[PDB]
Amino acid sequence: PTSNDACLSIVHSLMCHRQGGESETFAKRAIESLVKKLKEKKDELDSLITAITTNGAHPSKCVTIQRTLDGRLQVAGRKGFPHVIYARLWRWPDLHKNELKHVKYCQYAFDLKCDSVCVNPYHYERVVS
């Protein structure tokens, strides 16, 4: 288990839930990137931890980072879309860009283009094609 302690511990806990969609190092970076950002919103950090560790056993609040102008998030030099990146890490290893729709109760879903963007993977659904 892990609450709001050292990022390293947290990063590790979360790493153990990855699906191996990408390399050890990418996931580590992506997750460290996200934990750091979330240390400013420890309510949302906790929400992320509980969602991931319970595999969505319960409903979770949104987990948000700031929208970039073009929507993209860069992680270790690679360019992607944030919601997709983290959904690939924690639910669907072979996910594709336009492959997911959001949950009717996600207030900060990516497609909504709010100042914020939800990255909580249990707030999206895989819709192929």
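Residue positions are given as counts along the sequence shown, with the first one as 1.
Looking only at CA atoms, which has the higher mean B factor in the entry: 79 to 87 or 93 to 101?
The stretch with the larger mean CA B-factor is 93 to 101.
Among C16, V119, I10, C114, which carries the highest Cα B-factor?
Of the candidates given, the C-alpha B-factor peaks at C114.
Please rank the C-alpha B-factors of the chain's modelled residues and tell me whether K37 sits in the lowest, middle or highest third.
Answer is lowest: the recorded C-alpha B-factor places it there.
Sorting the chain's modelled residues by C-alpha B-factor, tell me whether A51 ends up in the lowest, middle or highest third.
Answer is lowest: the recorded C-alpha B-factor places it there.
Select lowest, middle or highest to describe the third in which the CA B-factor of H58 falls within its chain in this entry.
Highest third - that is where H58 ends up once the chain's C-alpha B-factors are sorted.
Consider only the C-alpha atoms of the modelled residues in this chain, order them by B-factor as the entry records it, and name the third containing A30: lowest, middle or highest.
Tercile = middle for this residue's CA B-factor.
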